[PDB]
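Residue numbers start from 1 in every chain, and the chains themselves are labelled A, B, ... in the order their sequence lines are given, proteins ahead of strands. Side chains are part of it too, since the values below use all heavy atoms of this structure and drop only hydrogens, waters and symmetry mates.
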Amino acid sequence: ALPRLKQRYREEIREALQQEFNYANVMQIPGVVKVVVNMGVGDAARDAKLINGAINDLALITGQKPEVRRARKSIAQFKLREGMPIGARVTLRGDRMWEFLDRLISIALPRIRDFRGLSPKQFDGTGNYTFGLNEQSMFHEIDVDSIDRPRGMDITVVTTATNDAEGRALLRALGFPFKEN
Amino acid sequence: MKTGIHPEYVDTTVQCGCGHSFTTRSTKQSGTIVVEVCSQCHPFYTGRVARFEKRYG
Amino acid sequence: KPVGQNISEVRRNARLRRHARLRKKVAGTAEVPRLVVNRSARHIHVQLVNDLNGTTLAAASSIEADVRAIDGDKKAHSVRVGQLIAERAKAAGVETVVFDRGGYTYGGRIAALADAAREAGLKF
Amino acid sequence: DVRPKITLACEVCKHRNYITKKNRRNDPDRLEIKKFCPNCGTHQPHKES
Amino acid sequence: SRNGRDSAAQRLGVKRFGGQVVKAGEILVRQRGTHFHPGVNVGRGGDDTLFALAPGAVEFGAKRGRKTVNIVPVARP
RNA sequence: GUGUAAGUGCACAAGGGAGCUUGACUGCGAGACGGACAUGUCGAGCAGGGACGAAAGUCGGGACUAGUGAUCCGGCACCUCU
RNA sequence: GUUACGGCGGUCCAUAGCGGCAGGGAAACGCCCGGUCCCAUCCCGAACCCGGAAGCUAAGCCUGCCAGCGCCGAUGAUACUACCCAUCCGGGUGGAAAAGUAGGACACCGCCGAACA
């Protein structure tokens, strides 16, 4: 079996992009590469338990155990020291990537309160989109009664595209609820 | 695939307000999953002078 | 025009770099030549190098039709290639060699062919 | 003090000795390491005294 | 005045120069870093000291941008 | 960036990470550097018994150069000495 | 012996690098397909490893051309300097820079193997 988003991209999105941009060789078609969800606690510098709550939230939402990022620089304004856990990170590739993308697009984004769309201006040169949530309640993989403190994210979708226009085209064809500019 | 480092998976029917049985794997153990809204039914996927005229005309 | 490097660049540069980093401790002589392996996704190749003179005493590969005729897996092809290099070294008079893994992990096909050279009469 | 010279004798009699130092607060418990013993010609572990 | 303190001279430098014949074990240079790198038949000590591993004549060469010291096995009479 | 001053080095890494481990060994040591002397420093290699490694091999503390005190006197452990 | 071929090495390791333009996939070199087996992720079959060849030269790779950026670089002269004259000033004999300029340069050599003879 194939995830429906991946099957859709294989069949119709590829031909749509090929018609739109007229790539010289078959393997210029821009595709998704990986998805990274970053949850930087920052406040975990005092109490470690915040990093554990972040670990559980990420593991529940993505489905795989997240990796704790160490602080690679000491700072005094944030009373940071090298080596304590600051934030988590998950790299999603392949089938798990596609499933997660389907879940997010079709369930999580519409569940956001007074959702008005995500700006299509967040790409950077190579068409790797990155937005950020403020809480984790949109996903039903978590329990509202279980959660106690909001924890936002930074979802970044790195693609094979070379330009911002191609990246936004691929994401819009995928079903991203962009705004209009 | 490491056996004991990740949670469970199960084919669950995802339900929306439109009335669609969505047979696909999920982690929720309800067997059938119900959501109120999704892409199929979401709306995104789917002057003072005037006030004077209303009041007095 | 792709924005960054291709994955082939990363792989090739990393392999050349980590082959060079192990060539520090491994160098071949006339009586103790360096047996360097080059492995692709489709084939495997070996040579016997005397590093002082920069020559090659013996060589073997899965390109050769005689070893291509075997129907075994990639591991079987590597095993037979190891046998070929072993008996060619025997015909070359070289008895002891030093195994140069060419920057690849000593496992799978390369380990199979190195073992194959070992029990075929090459002490290394 | 800190890092005092410590004495570790061979476990199997002969009271053969090596000396070294360690943090007595990083390693408060007695140190155990395996070392060559000349008379036995063998590698036995040595217990800090 | 705060100043007035200095350490002893360490007598570092090159001990045998190019063309000098040496015996095995003979110290070639006394250096702190690896200003000269070991070449053929030349080893490196704990304090980055170069010494001869075989008898012969000292030869200063450059290998891949680094100055190196090698020993040439002078021909037996 | 290299625990620590400075300098000489180190990107081939000597810098960052991971697995196993105790060579932070015993008997020695060709040949040397430096030196009034006393001090000090490097050292291939041999043997025993080990660690890591598929193997070649490397390991007689730490990238290197500071982190120390002669003789006398006395304490402790062992010795097929008296 | 030949080929726009693949590897292993070199050279007081850029005269070689970088950049631009134009090409190619015979065997090879790769990208590529998948995670069933050896094996792997401080999470991720991304990488490592394994199993295959549907597609592709878009990249890598290599081929030809550009001095463009970097790089190499004289001779002469000068700075400086050993010795000797010279009361100072300076001079004679010998050595001789750096910078700059003319220029060079889009690498060269070696050993195997592929395909062709």
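A gap of 16 Å separates the P atoms of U65(F) and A44(F), to the nearest Å. Taking the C1' atoms as reference points, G24(G) lies 13 Å from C29(G), given to the whole Å. Taking the P atom of each, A47(F) and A14(G) are spaced 44 Å apart, rounded to whole Å. The separation of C84(G) from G104(G), taken at their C1' atoms, amounts to 43 Å, rounded to a whole angstrom. Using P as the reference atom, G19(G) and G51(G) are 36 Å apart when rounded to the nearest Å. Across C31(G) and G7(G), the matching P atoms stand 12 Å from one another, rounded to whole Å. Taking the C1' atoms as reference points, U2(F) lies 6 Å from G15(F), given to the whole Å.
Not a single donor-acceptor pair under 3.5 Å links the side chain of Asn53(C) to the backbone N or O of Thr55(C). Panel note: side chain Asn128(A), backbone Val158(A); no donor-acceptor pair is recorded below 3.5 Å. Between the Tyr18(D) side chain and the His46(D) main chain, no donor and acceptor come within less than 3.5 Å of each other. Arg18(C) places a side-chain N or O within 3.5 Å of a backbone atom of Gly103(C) that can act as its donor or acceptor partner. In this structure a side-chain-to-backbone donor-acceptor pair under 3.5 Å is missing from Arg30(D) to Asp27(D). Using modelled atom types, no side-chain atom of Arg16(D) and backbone atom of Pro38(D) make a donor-acceptor pair closer than 3.5 Å. Of the possible donor and acceptor atoms, none in the side chain of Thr68(E) sits under 3.5 Å from a partner among the backbone N and O of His37(E). Remark: side-chain polar atoms of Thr42(D) are paired, donor with acceptor, to backbone N or O of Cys40(D) under 3.5 angstrom. Judged by distance alone, with hydrogens and angles left aside, the side-chain atoms of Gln19(A) form no donor-acceptor pair with the main-chain N or O of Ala16(A) at under 3.5 Å.
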If the sugar-phosphate is the primed atoms plus P, OP1 and OP2 and the base is the rest, what is the B/S/- string for nucleotides 19-33 of chain F, using protein heavy atoms under 4.0 Å? ---SSBSS---BBBB
Determine, for nucleotides 110-117 of chain G in 5'-to-3' order, which nucleotides have protein heavy atoms under 4.0 Å from the base (write B), from only the sugar-phosphate (write S), or from neither (write -). BSS-S---
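Remark: the bases of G68(G) and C18(G) meet in a Watson-Crick or G-U wobble pair, both edge contacts within less than 3.5 Å. Nucleotides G17(G) and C69(G) meet the pairing criterion: a Watson-Crick or G-U wobble pair with both donor-acceptor distances under 3.5 Å. Nucleotides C39(G) and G45(G) are base-paired: the Watson-Crick or wobble atom pairs both lie closer than 3.5 Å.
In plain terms, the two heavy atoms of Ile51(A) and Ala44(A) that are nearest each other are N-CB, 4.1 Å.
Of the residues in residues 22-41 of chain C, those placing a heavy atom less than 4.0 Å from an atom of RNA chain G are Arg23(C), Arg34(C), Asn38(C), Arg39(C), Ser40(C), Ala41(C), in numerical order. Of all the residues in residues 88-98 of chain A, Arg89(A), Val90(A), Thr91(A), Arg93(A) reach under 4.0 Å from RNA chain G with at least one non-hydrogen atom. Within residues 3-42 of chain A, the residues that place at least one heavy atom under 4.0 Å from RNA chain G are, in residue-number order, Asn25(A), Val26(A), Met27(A), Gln28(A). Residues from residues 89-117 of chain C lying near RNA chain G, meaning a heavy-atom separation below 4.0 Å, are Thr105(C), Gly107(C), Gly108(C), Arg109(C) in numerical order.
In this model, a side-chain donor or acceptor of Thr34(E) finds a partner on the base of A14(F) within 3.5 Å. Taking 3.5 Å as the limit, the base of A54(F) and the side chain of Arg118(C) contain a donor-acceptor pair of atoms between them. In terms of polar N and O atoms assigned as donor or acceptor, the side chain of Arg42(C) comes within less than 3.5 Å of the base of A53(G) in a complementary pairing.
Remark: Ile19(D) CD1 is loosely packed, at most 12 non-hydrogen atoms of other residues, nucleotides or ligands lying under 6.0 Å away. Atom CZ of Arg25(D) sits in a sparse spot, with 12 or fewer heavy atoms from other residues, nucleotides or ligands closer than 6.0 Å.
For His35(E), no side-chain nitrogen or oxygen approaches OP1 or OP2 of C10(F) to under 4.0 Å.
A positive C1'-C2'-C3'-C4' dihedral is found for the sugar of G29(F), placing it in the north range. With respect to the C1'-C2'-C3'-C4' torsion, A53(G) shows a south sugar, the value lying on the negative side. Nucleotide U41(G) carries a south-puckered sugar, as indicated by a negative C1'-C2'-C3'-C4' torsion.
With sequence neighbours excluded, the residues forming a ring-ring contact (aromatic ring centres under 6.0 Å, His included) with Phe60(E) are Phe36(E), listed by chain and number. Take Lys14(D) and apply the salt bridge (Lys or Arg N to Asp or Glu O under 4.0 Å) test, not counting sequence neighbours, and it matches no residue.
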Kindly give the atom pairs (protein nitrogen or oxygen, nucleotide nitrogen or oxygen) under 3.5 Å for nucleotides 1-3 of chain G.
none

Where do N or O atoms of nucleotides 11-19 of chain G meet protein N or O atoms at under 3.5 Å, pair by pair?
| from | atom 1 | to | atom 2 | distance (Å) |
| --- | --- | --- | --- | --- |
| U11(G) | OP2 | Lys63(E) | NZ | 3.4 |

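Remark: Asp51(C) engages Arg23(C) in a salt bridge, criterion side-chain N to carboxylate O under 4.0 Å. Residues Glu12(A) and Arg8(A) are paired through a salt bridge, judged by an N-O separation under 4.0 Å between the basic side chain and the carboxylate. The pair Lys90(C)-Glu95(C) fails the salt-bridge criterion, with no side-chain N (NZ, NE, NH1 or NH2) lying under 4.0 Å from an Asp/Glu carboxylate O.
Base stacking is present between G52(G) and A53(G); both the centre distance of their six-membered rings (under 5.5 Å) and the plane angle (under 30°) fall inside the limits.
Note: CZ (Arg18(C)) to P (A13(F)) measures 12 Å, nearest angstrom. With rounding to whole Å, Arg17(C) atom CZ is found 15 Å from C48(G) atom P. The interatomic distance linking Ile44(C) (CD1) with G30(G) (P) rounds to 12 Å, in whole Å. Distance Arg11(C) CZ to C61(G) P: 14 Å, rounded to the nearest Å. Following rounding to the nearest Å, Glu67(A) (CD) and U41(G) (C1') show an atom-to-atom distance of 10 Å.
Backbone-only contact: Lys14(D) has heavy atoms under 4.0 Å from sugar-phosphate atoms and none from a base.
Note that NZ of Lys15(E) is 11.5 Å distant from CG of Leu28(E), once rounded to the nearest 0.5 Å. Taking OH of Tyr9(B) as the reference point, atom OG1 of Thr27(B) lies at 7.5 Å (rounded to 0.5 Å). Atom OG1 of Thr91(A) sits about 7.0 Å away from atom CD of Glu67(A), to the nearest 0.5 Å.
Taking every side-chain heavy atom of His15(D) into account, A77(F) is the closest of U65(F), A77(F), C43(G). Distances from the side chain of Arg12(C) to the nucleotides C42(F), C8(G), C29(G) place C29(G) closest.
The aromatic rings of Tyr9(A) and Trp98(A) lie parallel to each other, their planes meeting at an angle below 30°, with 60° marking the opposite boundary. Note on ring orientation: taking the six-membered ring where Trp is involved, the planes of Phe21(A) and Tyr23(A) are parallel (angle under 30°, cut-offs 30° and 60°).
Applying the ring pair (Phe, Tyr, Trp, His ring centres under 6.0 Å) test to every pair with at least one member in residues 5-48 of chain C, sequence neighbours left out, gives no pairs at all.
RNA chain F forms stems at F:6-8 with F:63-65, F:25-28 with F:45-48, F:31-33 with F:40-42, F:50-52 with F:57-59, each a run of 3 or more consecutive Watson-Crick or G-U wobble pairs whose two key distances fall under 3.5 Å.
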